[PDB]
Amino acid sequence: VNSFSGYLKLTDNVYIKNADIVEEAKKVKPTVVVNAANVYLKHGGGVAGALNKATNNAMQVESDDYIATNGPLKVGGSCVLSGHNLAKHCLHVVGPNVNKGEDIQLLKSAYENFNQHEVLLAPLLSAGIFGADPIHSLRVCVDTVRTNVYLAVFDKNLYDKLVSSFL
Ligand SMILES: Cc1oc(CNc2ncnc3[nH]c4ccccc4c23)cc1C(=O)O
């Protein structure tokens, strides 16, 4: 039993809710919240900008030190950093950004990072400002992630479409 509430069960291991991931993290304080990161960990907008704003920019400060030491992530890759006031840990995962021309096949590799964590609160990778089709992202999630994932979808309209079209 875990503390996630109000989710619709899609499969054995994937759950979904219309929610603001920032508010959801603040309430649940999950072990892992996933950030929709870019390779530079520049958390300017979308999910990343909202998560970082909720940490009062501490996420960005920590991220800048990470990049200065380690260099950029790979598209499809990830790193574990602090969850600050939102979670124990933040798993920064880089999905392909269609608005940069990145290969959508890398979306499966991005979701594979979730399998290193037993339970996660996460957004749909490559959705929103990353330009992928969220219905496709949900399908890849279900077909790739084997650990327990609680998906927060900010937009109510999109949430209803994702549920209604789910196979
Ligand atoms: C996970 C997510 O993606 C988005 C923005 N992209 C889209 N939004 C609604 N319909 C959409 N059709 C599409 C067809 C092709 C590409 C993108 C969209 C798309 C907002 C959210 C959210 O979490 O609220």
Side-chain angles (χ1 to χ4, degrees), residues 3-11 13-30 32-55 59-60 73 75-78 83-87 89-115 117 119-167:
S3 152
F4 288 105
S5 180
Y7 287 73
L8 175 70
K9 181 171 182 58
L10 294 174
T11 67
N13 65 299
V14 179
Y15 294 80
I16 195 164
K17 185 184 178 176
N18 173 218
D20 179 351
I21 195 171
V22 171
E23 278 319 304
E24 191 77 5
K26 281 200 288 189
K27 145 181 135 43
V28 176
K29 289 292 236 88
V32 180
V33 66
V34 173
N35 182 32
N38 58 54
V39 296
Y40 307 110
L41 302 179
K42 288 174 60 107
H43 309 302
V47 169
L51 291 170
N52 176 59
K53 179 179 179 186
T55 75
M59 178 181 284
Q60 190 64 67
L73 295 182
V75 179
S78 70
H84 301 278
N85 53 315
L86 304 178
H89 301 108
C90 179
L91 181 70
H92 294 272
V93 180
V94 182
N97 190 325
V98 176
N99 305 315
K100 303 172 175 179
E102 294 167 351
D103 167 23
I104 194 63
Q105 300 295 137
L106 289 170
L107 186 54
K108 189 171 183 75
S109 300
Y111 274 117
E112 287 170 343
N113 295 286
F114 289 24
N115 289 322
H117 303 277
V119 183
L120 314 87
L121 172 62
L124 284 169
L125 298 180
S126 296
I129 68 175
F130 278 57
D133 176 5
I135 296 180
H136 175 66
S137 182
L138 178 55
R139 187 77 253 166
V140 179
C141 181
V142 160
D143 293 341
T144 305
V145 181
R146 298 177 300 284
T147 55
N148 291 144
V149 56
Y150 289 83
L151 299 170
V153 177
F154 180 57
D155 189 65
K156 173 57 161 156
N157 188 293
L158 172 61
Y159 171 84
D160 289 344
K161 180 194 185 115
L162 285 167
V163 169
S164 288
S165 60
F166 184 70
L167 226 196

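Note that ligands are numbered from 1 as they come in the structure, with each ligand's atoms numbered from 1 the same way. Positions are given from 1 along the sequence.
Annotation for ligand 1: atoms under 4.0 Å from non-hydrogen atoms of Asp155 are 22 (C), 24 (O). Every atom of ligand 1 is numbered from 1 in the order shown, and the set under 4.0 Å from a heavy atom of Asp133 is 15 (C), 16 (C).
The neighbour count for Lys17 NZ, taken as heavy atoms of other residues, nucleotides or ligands under 6.0 Å away, is above 12. In the displayed structure, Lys161 atom NZ is contacted under 6.0 Å by at most 12 heavy atoms of other residues, nucleotides or ligands.
Remark: minimum distance from atom 23 (O) of ligand 1 to any protein heavy atom is reached at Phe154 N, 3.3 Å.
If you check each of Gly128, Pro123, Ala132 against atom 3 (O) of ligand 1, the one with the closest non-hydrogen atom is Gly128. For atom 12 (N) of ligand 1, the nearest non-hydrogen atom from the set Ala19, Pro134, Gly131 belongs to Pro134. Residue nearest to atom 10 (N) of ligand 1, selected from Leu158, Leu162, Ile135: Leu158 (by heavy-atom distance).
The aromatic rings of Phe4 and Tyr150 sit parallel to each other, their planes meeting at less than 30°, with 60° as the upper class boundary.
Considering only heavy atoms from C-beta on, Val33 stays 4.5 Å or farther from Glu24 through its side chain. Taking the side chain as every heavy atom from C-beta outward, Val149 and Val34 never approach each other to under 4.5 Å.
Distance check, rounded to the nearest 0.5 Å: CG of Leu41 to CG of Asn35 gives 8.0 Å.
The proximity of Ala127 to ligand 1, defined as any non-hydrogen pair under 4.0 Å, involves the side chain as well as the backbone.
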